[PDB]
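Next comes coords29.cif, a file with mmCIF, C-alpha atoms.
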data_entry
loop_
_atom_site.label_atom_id
_atom_site.label_comp_id
_atom_site.auth_asym_id
_atom_site.auth_seq_id
_atom_site.Cartn_x
_atom_site.Cartn_y
_atom_site.Cartn_z
CA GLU G 38 16.95 31.12 -12.64
CA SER G 39 15.60 27.69 -11.66
CA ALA G 40 16.29 26.55 -8.10
CA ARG G 41 13.66 23.82 -8.45
CA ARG G 42 15.32 22.38 -11.57
CA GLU G 43 18.33 21.46 -9.43
CA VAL G 44 15.94 19.78 -6.96
CA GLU G 45 13.00 18.50 -9.02
CA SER G 46 15.33 16.89 -11.56
CA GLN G 47 17.14 15.45 -8.55
CA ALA G 48 13.70 14.54 -7.21
CA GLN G 49 12.72 13.07 -10.58
CA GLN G 50 15.84 10.89 -10.44
CA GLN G 51 14.91 10.18 -6.80
CA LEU G 52 11.30 9.02 -7.34
CA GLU G 53 12.24 5.87 -9.24
CA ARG G 54 15.94 6.48 -8.51
CA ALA G 55 17.37 2.95 -8.74
CA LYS G 56 14.14 1.46 -10.19
CA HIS G 57 15.26 -2.06 -9.22
CA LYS G 58 14.50 -1.15 -5.60
CA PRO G 59 11.38 -3.14 -4.63
CA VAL G 60 8.28 -1.00 -4.26
CA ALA G 61 6.77 -0.80 -0.78
CA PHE G 62 3.28 -1.06 0.75
CA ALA G 63 0.59 -0.14 -1.76
CA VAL G 64 -1.40 3.11 -1.68
CA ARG G 65 -4.51 2.73 -3.83
CA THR G 66 -6.10 5.83 -5.35
CA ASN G 67 -9.90 5.83 -5.15
CA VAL G 68 -11.19 9.40 -5.71
CA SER G 69 -11.23 10.72 -9.28
CA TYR G 70 -10.06 14.31 -9.76
CA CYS G 71 -8.14 16.24 -12.40
CA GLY G 72 -4.38 15.92 -11.94
CA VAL G 73 -3.50 18.07 -14.95
CA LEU G 74 -5.71 21.12 -14.30
CA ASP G 75 -3.72 22.64 -11.42
CA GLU G 76 0.05 22.15 -11.56
CA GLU G 77 1.24 20.82 -8.19
CA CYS G 78 2.90 17.73 -6.62
CA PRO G 79 6.45 18.92 -5.70
CA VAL G 80 8.27 17.48 -8.75
CA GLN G 81 5.51 19.16 -10.82
CA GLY G 82 3.99 15.64 -10.66
CA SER G 83 2.40 15.52 -14.10
CA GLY G 84 0.33 12.45 -13.28
CA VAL G 85 -2.81 11.57 -15.20
CA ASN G 86 -6.31 12.22 -13.85
CA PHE G 87 -6.75 10.26 -10.63
CA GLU G 88 -9.39 7.54 -10.35
CA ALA G 89 -10.31 4.37 -8.47
CA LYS G 90 -9.24 0.85 -9.53
CA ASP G 91 -5.61 1.80 -10.25
CA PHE G 92 -3.64 -0.02 -7.54
CA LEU G 93 -0.71 2.23 -6.69
CA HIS G 94 2.25 1.61 -4.36
CA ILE G 95 4.22 4.11 -2.24
CA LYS G 96 7.94 3.84 -1.47
CA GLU G 97 9.22 7.46 -1.68
CA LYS G 98 8.86 8.73 1.89
CA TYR G 99 9.96 12.25 0.93
CA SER G 100 7.04 14.30 2.27
CA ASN G 101 3.62 13.42 3.64
CA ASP G 102 1.88 15.94 1.37
CA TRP G 103 2.17 13.89 -1.83
CA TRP G 104 3.12 10.26 -2.32
CA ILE G 105 4.35 8.07 -5.19
CA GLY G 106 2.23 5.58 -7.09
CA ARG G 107 2.88 2.25 -8.79
CA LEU G 108 -0.06 1.26 -10.99
CA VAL G 109 -0.25 -2.42 -11.93
CA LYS G 110 1.44 -2.48 -15.36
CA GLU G 111 4.84 -3.16 -16.91
CA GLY G 112 7.02 -0.22 -15.94
CA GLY G 113 4.78 1.18 -13.23
CA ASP G 114 4.63 4.86 -14.20
CA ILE G 115 5.82 6.96 -11.26
CA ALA G 116 4.03 10.20 -10.39
CA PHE G 117 3.53 12.29 -7.26
CA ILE G 118 0.14 10.94 -6.18
CA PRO G 119 -1.74 12.59 -3.28
CA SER G 120 -1.64 11.16 0.22
CA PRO G 121 -4.57 9.32 1.84
CA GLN G 122 -5.02 12.34 4.11
CA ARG G 123 -4.36 14.85 1.32
CA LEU G 124 -6.62 13.28 -1.33
CA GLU G 125 -9.70 14.05 0.75
CA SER G 126 -8.17 17.52 1.18
CA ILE G 127 -7.87 18.26 -2.55
CA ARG G 128 -11.53 17.30 -2.97
CA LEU G 129 -12.37 19.62 -0.06
CA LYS G 130 -11.62 22.96 -1.72
CA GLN G 131 -14.33 22.48 -4.37
CA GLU G 132 -17.19 22.45 -1.84
CA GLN G 133 -17.91 26.19 -2.16
CA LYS G 134 -17.28 26.29 -5.93
CA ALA G 135 -20.97 26.41 -6.88
CA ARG G 136 -22.15 29.75 -5.46
CA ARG G 137 -20.90 29.39 -1.89
CA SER G 138 -22.58 26.07 -1.22
CA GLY G 139 -23.61 24.70 2.16
CA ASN G 140 -25.58 26.17 5.05
CA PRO G 141 -25.87 29.62 3.32
CA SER G 142 -29.30 30.66 2.05
CA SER G 143 -27.81 31.65 -1.29
CA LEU G 144 -31.26 32.31 -2.79
CA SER G 145 -31.24 36.03 -3.69
CA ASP G 146 -28.91 36.85 -0.79
CA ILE G 147 -27.42 39.95 -2.48
CA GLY G 148 -28.17 42.59 0.13
CA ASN G 149 -28.19 43.22 3.89
CA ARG G 150 -27.65 39.94 5.75
CA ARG G 151 -25.20 37.64 3.97
CA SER G 152 -24.45 33.96 4.55
CA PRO G 153 -21.02 32.39 4.08
CA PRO G 154 -20.49 28.70 4.91
CA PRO G 155 -19.21 28.13 8.44
CA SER G 156 -16.79 25.35 9.33
CA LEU G 157 -19.57 22.82 9.90
CA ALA G 158 -20.44 21.18 6.55
CA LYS G 159 -16.85 20.15 5.70
CA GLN G 160 -15.02 16.94 6.72
CA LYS G 161 -15.41 17.88 10.43
CA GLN G 162 -18.05 15.10 10.54
CA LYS G 163 -18.93 11.70 9.02
CA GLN G 164 -17.13 9.61 11.63
CA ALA G 165 -19.28 6.48 11.29
CA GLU G 166 -17.98 5.78 7.77
CA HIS G 167 -14.66 7.57 8.30
CA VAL G 168 -12.37 5.50 6.07
CA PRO G 169 -8.98 6.43 4.55
CA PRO G 170 -9.61 7.00 0.83
CA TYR G 171 -6.40 5.17 -0.07
CA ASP G 172 -6.22 1.43 0.64
CA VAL G 173 -2.87 0.26 1.88
CA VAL G 174 -2.30 -3.23 0.69
CA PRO G 175 0.58 -5.33 -0.60
CA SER G 176 1.84 -7.46 -3.47
CA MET G 177 -0.11 -8.67 -6.50
CA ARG G 178 -3.64 -8.48 -5.17
CA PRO G 179 -4.43 -12.02 -4.41
CA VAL G 180 -7.26 -13.44 -6.51
CA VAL G 181 -10.22 -14.88 -4.60
CA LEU G 182 -12.24 -17.85 -5.83
CA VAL G 183 -16.00 -18.21 -5.36
CA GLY G 184 -18.50 -20.62 -6.89
CA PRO G 185 -22.10 -21.53 -6.03
CA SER G 186 -21.68 -24.22 -3.37
CA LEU G 187 -20.87 -24.66 0.30
CA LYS G 188 -17.11 -24.87 0.85
CA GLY G 189 -16.38 -28.30 2.27
CA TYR G 190 -19.16 -30.19 0.50
CA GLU G 191 -19.06 -33.17 -1.92
CA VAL G 192 -18.74 -31.23 -5.18
CA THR G 193 -16.22 -28.84 -3.62
CA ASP G 194 -13.98 -31.29 -1.71
CA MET G 195 -12.84 -32.90 -4.96
CA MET G 196 -13.39 -30.10 -7.48
CA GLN G 197 -12.44 -27.17 -5.23
CA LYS G 198 -8.94 -28.68 -5.03
CA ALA G 199 -8.73 -29.01 -8.83
CA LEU G 200 -9.22 -25.26 -9.38
CA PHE G 201 -5.53 -24.68 -8.74
CA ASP G 202 -4.28 -28.29 -9.30
CA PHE G 203 -2.33 -27.32 -12.42
CA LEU G 204 -1.36 -23.97 -10.87
CA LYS G 205 0.71 -25.79 -8.24
CA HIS G 206 2.91 -27.20 -11.02
CA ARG G 207 2.20 -24.48 -13.61
CA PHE G 208 2.08 -21.11 -11.82
CA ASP G 209 4.87 -20.89 -9.23
CA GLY G 210 7.70 -18.47 -8.55
CA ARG G 211 5.30 -15.72 -9.56
CA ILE G 212 2.51 -17.33 -7.51
CA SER G 213 2.37 -19.47 -4.38
CA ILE G 214 -0.27 -21.33 -2.36
CA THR G 215 -0.96 -20.75 1.35
CA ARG G 216 -4.03 -22.79 2.27
CA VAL G 217 -5.74 -21.34 5.36
CA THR G 218 -9.19 -21.80 6.91
CA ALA G 219 -10.60 -18.95 9.00
CA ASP G 220 -13.68 -16.74 9.38
CA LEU G 221 -12.94 -13.47 7.57
CA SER G 222 -16.43 -12.08 8.11
CA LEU G 223 -16.02 -9.49 10.89
CA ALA G 224 -13.99 -6.51 9.62
CA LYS G 225 -13.66 -4.92 6.19
CA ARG G 226 -11.71 -1.65 6.53
CA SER G 227 -12.19 -0.40 10.11
CA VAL G 228 -15.07 -1.32 12.42
CA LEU G 229 -13.68 -2.33 15.82
CA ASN G 230 -11.60 0.23 17.69
CA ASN G 231 -10.44 -2.27 20.27
CA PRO G 232 -9.09 -5.08 18.14
CA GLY G 233 -7.52 -8.28 19.36
CA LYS G 234 -4.68 -7.78 21.87
CA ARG G 235 -5.70 -8.99 25.37
CA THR G 236 -7.84 -11.86 26.66
CA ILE G 237 -7.37 -10.96 30.32
CA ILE G 238 -9.80 -8.06 30.89
CA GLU G 239 -12.89 -10.31 30.42
CA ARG G 240 -13.78 -8.47 27.22
CA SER G 241 -16.66 -9.87 25.19
CA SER G 242 -14.45 -9.62 22.09
CA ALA G 243 -12.01 -12.22 23.42
CA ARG G 244 -15.06 -14.30 24.37
CA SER G 245 -16.02 -14.07 20.68
CA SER G 246 -13.98 -15.16 17.63
CA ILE G 247 -11.31 -12.48 17.15
CA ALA G 248 -7.48 -12.41 16.73
CA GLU G 249 -6.85 -15.32 14.35
CA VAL G 250 -9.63 -14.07 12.06
CA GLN G 251 -8.34 -10.51 12.53
CA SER G 252 -4.61 -10.70 11.74
CA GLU G 253 -4.87 -12.74 8.55
CA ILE G 254 -3.18 -9.98 6.55
CA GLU G 255 -0.53 -9.47 9.24
CA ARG G 256 0.84 -13.02 9.09
CA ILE G 257 0.25 -13.34 5.34
CA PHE G 258 2.52 -10.31 4.94
CA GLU G 259 5.46 -12.73 5.07
CA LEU G 260 4.07 -14.34 1.91
CA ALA G 261 2.39 -11.20 0.54
CA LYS G 262 5.76 -9.43 0.58
CA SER G 263 7.11 -12.44 -1.35
CA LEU G 264 5.30 -11.14 -4.47
CA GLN G 265 2.89 -14.09 -4.49
CA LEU G 266 -0.89 -14.27 -4.12
CA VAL G 267 -3.00 -16.22 -1.62
CA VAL G 268 -4.95 -19.41 -2.37
CA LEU G 269 -7.23 -20.31 0.52
CA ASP G 270 -10.43 -22.22 1.24
CA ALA G 271 -12.47 -21.80 4.42
CA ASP G 272 -16.05 -21.99 5.70
CA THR G 273 -16.80 -18.29 5.04
CA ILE G 274 -15.66 -17.73 1.44
CA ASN G 275 -19.02 -18.35 -0.24
CA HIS G 276 -20.60 -15.17 -1.67
CA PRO G 277 -19.91 -11.55 -2.67
CA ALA G 278 -20.04 -8.62 -0.22
CA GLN G 279 -18.02 -8.61 3.03
CA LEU G 280 -14.96 -9.95 1.17
CA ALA G 281 -15.89 -7.56 -1.66
CA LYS G 282 -14.61 -4.72 0.56
CA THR G 283 -12.52 -6.60 3.15
CA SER G 284 -8.91 -5.88 4.12
CA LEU G 285 -7.85 -7.31 0.73
CA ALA G 286 -9.75 -5.99 -2.27
CA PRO G 287 -10.84 -9.06 -4.25
CA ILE G 288 -10.16 -10.32 -7.74
CA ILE G 289 -12.91 -12.91 -8.02
CA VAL G 290 -12.83 -15.96 -10.28
CA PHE G 291 -16.24 -17.60 -10.74
CA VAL G 292 -16.40 -21.41 -10.68
CA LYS G 293 -20.02 -21.28 -11.77
CA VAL G 294 -22.51 -23.99 -12.70
CA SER G 295 -23.88 -21.68 -15.41
CA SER G 296 -27.36 -23.15 -15.85
CA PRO G 297 -29.22 -23.85 -12.57
CA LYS G 298 -30.59 -26.99 -14.27
CA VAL G 299 -27.15 -28.62 -14.28
CA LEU G 300 -26.58 -27.35 -10.73
CA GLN G 301 -29.15 -29.84 -9.45
CA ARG G 302 -28.25 -32.37 -12.16
CA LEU G 303 -24.61 -32.34 -11.01
CA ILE G 304 -25.54 -32.09 -7.31
CA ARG G 305 -26.23 -35.83 -7.44
CA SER G 306 -22.89 -36.95 -8.86
CA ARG G 307 -22.33 -40.09 -6.77
CA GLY G 308 -25.90 -41.21 -6.15
CA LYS G 309 -27.43 -39.14 -3.36
CA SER G 310 -26.93 -37.92 0.24
CA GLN G 311 -26.90 -34.20 -0.52
CA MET G 312 -28.40 -34.10 2.97
CA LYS G 313 -25.61 -31.87 4.27
CA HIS G 314 -26.72 -29.15 1.83
CA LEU G 315 -29.68 -29.48 -0.54
CA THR G 316 -31.73 -26.30 -0.25
CA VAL G 317 -28.86 -23.96 0.62
CA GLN G 318 -27.20 -25.54 -2.43
CA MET G 319 -29.83 -24.33 -4.91
CA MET G 320 -29.91 -20.86 -3.35
CA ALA G 321 -26.10 -21.10 -3.18
CA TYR G 322 -26.47 -19.77 -6.71
CA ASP G 323 -29.39 -17.53 -5.73
CA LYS G 324 -27.52 -15.95 -2.82
CA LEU G 325 -24.92 -14.49 -5.20
CA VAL G 326 -26.09 -13.98 -8.80
CA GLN G 327 -29.86 -13.29 -8.91
CA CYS G 328 -29.14 -9.85 -7.50
CA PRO G 329 -26.61 -8.05 -9.73
CA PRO G 330 -23.30 -9.58 -8.64
CA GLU G 331 -21.17 -6.83 -10.29
CA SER G 332 -18.14 -9.09 -9.75
CA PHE G 333 -16.51 -12.27 -11.13
CA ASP G 334 -14.27 -10.65 -13.72
CA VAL G 335 -12.72 -14.02 -14.61
CA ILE G 336 -15.69 -16.36 -15.00
CA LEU G 337 -14.22 -19.86 -14.87
CA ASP G 338 -17.27 -21.09 -16.77
CA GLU G 339 -17.24 -24.03 -19.20
CA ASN G 340 -17.70 -27.80 -19.23
CA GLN G 341 -13.91 -28.17 -19.35
CA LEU G 342 -11.22 -27.93 -16.70
CA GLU G 343 -8.77 -27.50 -19.59
CA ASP G 344 -10.64 -24.56 -21.11
CA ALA G 345 -11.27 -23.18 -17.62
CA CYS G 346 -7.51 -23.64 -17.24
CA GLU G 347 -6.86 -21.14 -20.04
CA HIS G 348 -9.67 -18.91 -18.77
CA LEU G 349 -8.00 -18.74 -15.35
CA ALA G 350 -4.37 -18.85 -16.51
CA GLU G 351 -4.58 -16.19 -19.23
CA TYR G 352 -5.75 -13.42 -16.89
CA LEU G 353 -3.31 -14.10 -14.04
CA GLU G 354 -0.24 -14.42 -16.28
CA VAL G 355 -0.82 -11.07 -17.99
CA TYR G 356 -1.87 -9.51 -14.67
CA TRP G 357 1.38 -10.88 -13.20
CA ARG G 358 3.58 -9.74 -16.09
CA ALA G 359 2.88 -6.24 -14.76
CA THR G 360 5.16 -6.57 -11.73
CA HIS G 361 8.24 -7.20 -13.88
CA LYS A 414 -46.76 -23.62 -37.34
CA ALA A 415 -45.26 -26.07 -34.82
CA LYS A 416 -42.05 -24.12 -34.23
CA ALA A 417 -44.02 -21.32 -32.54
CA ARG A 418 -44.92 -23.55 -29.58
CA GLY A 419 -41.20 -23.94 -28.85
CA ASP A 420 -40.91 -27.72 -29.20
CA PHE A 421 -37.51 -27.20 -30.85
CA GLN A 422 -36.31 -25.45 -27.68
CA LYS A 423 -36.69 -28.60 -25.55
CA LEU A 424 -34.36 -30.57 -27.82
CA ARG A 425 -32.15 -27.47 -28.12
CA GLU A 426 -31.89 -27.28 -24.33
CA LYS A 427 -31.39 -31.06 -24.14
CA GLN A 428 -28.13 -31.09 -26.12
CA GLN A 429 -26.38 -28.44 -24.02
CA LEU A 430 -27.65 -29.98 -20.78
CA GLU A 431 -26.19 -33.31 -21.90
CA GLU A 432 -23.06 -31.67 -23.34
CA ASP A 433 -22.22 -29.77 -20.13
CA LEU A 434 -22.43 -32.96 -18.01
CA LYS A 435 -19.54 -35.19 -19.15
CA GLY A 436 -16.89 -32.50 -18.69
CA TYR A 437 -18.44 -31.55 -15.36
CA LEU A 438 -18.31 -35.18 -14.21
CA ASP A 439 -14.83 -36.07 -15.48
CA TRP A 440 -13.44 -32.87 -13.96
CA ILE A 441 -15.04 -34.01 -10.70
CA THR A 442 -13.82 -37.56 -11.42
CA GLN A 443 -10.17 -36.66 -12.01
CA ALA A 444 -10.16 -34.18 -9.12
CA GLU A 445 -10.66 -37.09 -6.72
CA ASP A 446 -7.70 -38.83 -8.39
CA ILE A 447 -5.16 -36.09 -7.56
CA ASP A 448 -5.39 -37.00 -3.82
CA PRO A 449 -5.17 -34.49 -0.93
CA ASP H 758 -34.52 -29.89 -37.21
CA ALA H 759 -30.90 -31.07 -37.31
CA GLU H 760 -29.86 -28.40 -39.82
CA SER H 761 -31.54 -25.61 -37.84
CA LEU H 762 -30.07 -26.93 -34.58
CA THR H 763 -26.59 -26.94 -36.11
CA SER H 764 -26.95 -23.47 -37.65
CA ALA H 765 -28.31 -22.10 -34.34
CA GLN H 766 -25.91 -23.88 -31.95
CA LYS H 767 -22.59 -23.83 -33.81
CA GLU H 768 -23.33 -20.15 -34.52
CA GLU H 769 -22.82 -19.25 -30.85
CA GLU H 770 -19.52 -21.19 -30.91
CA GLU H 771 -17.78 -18.17 -32.45
CA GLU H 772 -19.65 -15.59 -30.36
CA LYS H 773 -18.56 -17.44 -27.19
CA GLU H 774 -15.02 -18.59 -28.01
CA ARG H 775 -13.76 -15.68 -30.17
CA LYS H 776 -14.73 -13.38 -27.29
CA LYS H 777 -11.56 -14.67 -25.63
CA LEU H 778 -9.95 -11.50 -27.00
CA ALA H 779 -13.00 -9.41 -26.07
CA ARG H 780 -12.11 -9.53 -22.37
CA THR H 781 -8.40 -9.09 -23.18
CA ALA H 782 -8.13 -6.87 -26.27
CA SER H 783 -10.50 -4.34 -24.65
#
Just give me the structure as structure tokens.
Amino acid sequence: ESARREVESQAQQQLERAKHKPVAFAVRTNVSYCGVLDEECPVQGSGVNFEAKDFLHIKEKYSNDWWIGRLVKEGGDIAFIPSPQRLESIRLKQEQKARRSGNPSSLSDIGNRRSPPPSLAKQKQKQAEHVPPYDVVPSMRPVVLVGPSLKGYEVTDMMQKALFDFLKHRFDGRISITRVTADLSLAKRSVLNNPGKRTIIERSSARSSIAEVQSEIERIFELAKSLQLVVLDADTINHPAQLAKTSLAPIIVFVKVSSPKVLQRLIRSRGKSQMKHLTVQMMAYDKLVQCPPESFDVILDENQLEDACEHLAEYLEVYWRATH
Amino acid sequence: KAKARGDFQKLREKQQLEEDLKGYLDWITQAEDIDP
Amino acid sequence: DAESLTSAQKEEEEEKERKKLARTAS
């Protein structure tokens, strides 16, 4: 007897089902835990050990308990991946694994008064950094572009356009350009509980710079759903952090000057008048790389736009072959 | 005896500093030519 | 000086270029 085999096999041919159906809003696994140890996930869900990095997408709205993932790769292996609410629940049960951990005074507590953990050390707390473990995002994580300079300054104005230049005529259909200029330096995952919605109650938020800098992802959805990344240049995209954990997780390409010596040697390209940025230009490198940057996977670094072309193009093309 | 002072390094660092300038400039030069 | 400069500068040519696969083949 197998009543599940009539359903799970139906479920298995329901998970991907028609395959060609476009996958929906992404659901990114971030907590690493064994997915093979305990057999679960409705369809028996034999997915590999969970981890961060892997950018999965959910479209099967069967049950809230476990979701479906789409890791960035050709084929997009489909497995019953835990929900954002349930992933922090599967990590919960292991809190008492090591000798009834928590408030209990477990030290030689075998006799008379005993101490089990009450419902106080679990996820009932930690509201300040209360963030959903899964990151809902969209299509082909756009790649962000950062080099040591001030955006909108001599060396940038000409060169910062040439970073895509070829990509406009080379990388299209798969990729598109939506040039925007805003200040994405206020929210990363969830900070403000009263976001932009009314400018009539004399709120200090509306008096500040909210709304347009808030709903960047909301309006870019129309292009993000188009399976195409975002190319933008503004006055805030200058360094790691903030954008390193903002509403869109970043793939960073480094337009670096390599040696600081040629930073100042290039900084006077046409004569002089660095007066807009001279000091902040030398620390423009120092504000991002002296401390371990732990970013810039694709270092667009060479004395060639043509070799930096292949350095930039090779990664994106393979990374974009995945969604095929 | 004279290589220990590092005099070869200065010329060694001079070539790369000169080599990584022309491609930096012409990239900047042709970028202006593509027009906004 | 020229011979040593060549043998010490063109040597890194391989270790820099050929690592094009190092980021990818990994």
So that I can see what lies close to residue 63 (chain G), please list as number ranges by chain the residues with an atom at most 10 Å from it, counting all atoms listed in the file and leaving out residues fewer than 6 positions away in the same chain. G: 92-96, 105-108, 171-178
Could you please tell me, as a PDB file with C-alpha atoms, in the frame of the given file, which residues of chain G have an atom within 6 Å of chain A when using all atoms listed in the file?
ATOM      1  CA  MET G 195     -12.840 -32.900  -4.960  1.00  0.00           C
ATOM      2  CA  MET G 196     -13.390 -30.100  -7.480  1.00  0.00           C
ATOM      3  CA  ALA G 199      -8.730 -29.010  -8.830  1.00  0.00           C
ATOM      4  CA  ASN G 340     -17.700 -27.800 -19.230  1.00  0.00           C
ATOM      5  CA  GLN G 341     -13.910 -28.170 -19.350  1.00  0.00           C
TER       6      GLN G 341
END
Name the residues that the PyMOL selection byres ((chain A) within 10 of (chain H)) pulls out of this structure, and write them as a ChimeraX atom specification. /A:416,421-422,424-425,428-429
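Within 12 Å of chain H, and counting all atoms listed in the file, chain G contributes residues 334, 335, 336, 338, 339, 344, 345, 347, 348, 349, 351, 352, 353, 354, 355 and 356 of chain G.
If you measure from each of G:148, G:141, G:210, G:119 to residue 170 (chain G) using all atoms listed in the file, the closest one turns out to be G:119.
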Report as JSON the centre and the edge lengths, in Å to one decimal, of the axis-aligned box holding every listed atom of region 329-346 of chain G, padded by 4 Å on each side.
{"center_x": -17.1, "center_y": -17.5, "center_z": -14.9, "size_x": 27.1, "size_y": 29.3, "size_z": 20.5}
Taking the file above as input, evaluate the PyMOL selection byres ((chain G and resi 128-136) around 9) and report the hits as a PyMOL selection string. chain G and resi 68+70+123-127+137-139+143+154+159-160
Writing out the chosen residues with C-alpha atoms as a PDB file, in the coordinates of the input:
ATOM      1  CA  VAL G  68     -11.190   9.400  -5.710  1.00  0.00           C
ATOM      2  CA  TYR G  70     -10.060  14.310  -9.760  1.00  0.00           C
ATOM      3  CA  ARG G 123      -4.360  14.850   1.320  1.00  0.00           C
ATOM      4  CA  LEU G 124      -6.620  13.280  -1.330  1.00  0.00           C
ATOM      5  CA  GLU G 125      -9.700  14.050   0.750  1.00  0.00           C
ATOM      6  CA  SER G 126      -8.170  17.520   1.180  1.00  0.00           C
ATOM      7  CA  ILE G 127      -7.870  18.260  -2.550  1.00  0.00           C
ATOM      8  CA  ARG G 137     -20.900  29.390  -1.890  1.00  0.00           C
ATOM      9  CA  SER G 138     -22.580  26.070  -1.220  1.00  0.00           C
ATOM     10  CA  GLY G 139     -23.610  24.700   2.160  1.00  0.00           C
ATOM     11  CA  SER G 143     -27.810  31.650  -1.290  1.00  0.00           C
ATOM     12  CA  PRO G 154     -20.490  28.700   4.910  1.00  0.00           C
ATOM     13  CA  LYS G 159     -16.850  20.150   5.700  1.00  0.00           C
ATOM     14  CA  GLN G 160     -15.020  16.940   6.720  1.00  0.00           C
TER      15      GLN G 160
END
Distance cut-off 9 Å, centre (-11.6, -6.2, 8.5) in file coordinates, counting all atoms listed in the file: which residues qualify? Return them as a ChimeraX atom specification. /G:221-229,250-252,279-280,282-285
Assuming the chain letters and numbering stay as they are in my file, what does the PyMOL selection byres ((chain G and resi 201) around 12) actually select? List them as a PDB file with C-alpha atoms, in the coordinates of the input.
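Output contents, as saved in part_34.pdb:
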ATOM      1  CA  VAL G 180      -7.260 -13.440  -6.510  1.00  0.00           C
ATOM      2  CA  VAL G 181     -10.220 -14.880  -4.600  1.00  0.00           C
ATOM      3  CA  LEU G 182     -12.240 -17.850  -5.830  1.00  0.00           C
ATOM      4  CA  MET G 195     -12.840 -32.900  -4.960  1.00  0.00           C
ATOM      5  CA  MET G 196     -13.390 -30.100  -7.480  1.00  0.00           C
ATOM      6  CA  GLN G 197     -12.440 -27.170  -5.230  1.00  0.00           C
ATOM      7  CA  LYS G 198      -8.940 -28.680  -5.030  1.00  0.00           C
ATOM      8  CA  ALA G 199      -8.730 -29.010  -8.830  1.00  0.00           C
ATOM      9  CA  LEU G 200      -9.220 -25.260  -9.380  1.00  0.00           C
ATOM     10  CA  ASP G 202      -4.280 -28.290  -9.300  1.00  0.00           C
ATOM     11  CA  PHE G 203      -2.330 -27.320 -12.420  1.00  0.00           C
ATOM     12  CA  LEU G 204      -1.360 -23.970 -10.870  1.00  0.00           C
ATOM     13  CA  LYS G 205       0.710 -25.790  -8.240  1.00  0.00           C
ATOM     14  CA  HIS G 206       2.910 -27.200 -11.020  1.00  0.00           C
ATOM     15  CA  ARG G 207       2.200 -24.480 -13.610  1.00  0.00           C
ATOM     16  CA  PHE G 208       2.080 -21.110 -11.820  1.00  0.00           C
ATOM     17  CA  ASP G 209       4.870 -20.890  -9.230  1.00  0.00           C
ATOM     18  CA  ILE G 212       2.510 -17.330  -7.510  1.00  0.00           C
ATOM     19  CA  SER G 213       2.370 -19.470  -4.380  1.00  0.00           C
ATOM     20  CA  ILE G 214      -0.270 -21.330  -2.360  1.00  0.00           C
ATOM     21  CA  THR G 215      -0.960 -20.750   1.350  1.00  0.00           C
ATOM     22  CA  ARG G 216      -4.030 -22.790   2.270  1.00  0.00           C
ATOM     23  CA  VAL G 267      -3.000 -16.220  -1.620  1.00  0.00           C
ATOM     24  CA  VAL G 268      -4.950 -19.410  -2.370  1.00  0.00           C
ATOM     25  CA  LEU G 269      -7.230 -20.310   0.520  1.00  0.00           C
ATOM     26  CA  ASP G 270     -10.430 -22.220   1.240  1.00  0.00           C
ATOM     27  CA  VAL G 290     -12.830 -15.960 -10.280  1.00  0.00           C
ATOM     28  CA  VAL G 292     -16.400 -21.410 -10.680  1.00  0.00           C
ATOM     29  CA  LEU G 337     -14.220 -19.860 -14.870  1.00  0.00           C
ATOM     30  CA  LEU G 342     -11.220 -27.930 -16.700  1.00  0.00           C
ATOM     31  CA  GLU G 343      -8.770 -27.500 -19.590  1.00  0.00           C
ATOM     32  CA  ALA G 345     -11.270 -23.180 -17.620  1.00  0.00           C
ATOM     33  CA  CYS G 346      -7.510 -23.640 -17.240  1.00  0.00           C
ATOM     34  CA  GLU G 347      -6.860 -21.140 -20.040  1.00  0.00           C
ATOM     35  CA  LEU G 349      -8.000 -18.740 -15.350  1.00  0.00           C
ATOM     36  CA  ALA G 350      -4.370 -18.850 -16.510  1.00  0.00           C
TER      37      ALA G 350
ATOM     38  CA  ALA A 444     -10.160 -34.180  -9.120  1.00  0.00           C
ATOM     39  CA  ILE A 447      -5.160 -36.090  -7.560  1.00  0.00           C
TER      40      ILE A 447
END
Would you kindly identify which residues have an atom no farther than 12 Å from (-27.5, -32.7, -8.8), using all atoms listed in the file and the file's own coordinates, and write them out as a PyMOL selection string? (chain G and resi 186+191-192+294+296-312+314-316+318-319) or (chain A and resi 434+437-438)
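Across the structure, CA of residue 49 (chain G) and CA of residue 84 (chain G) are spaced 12.7 Å apart.
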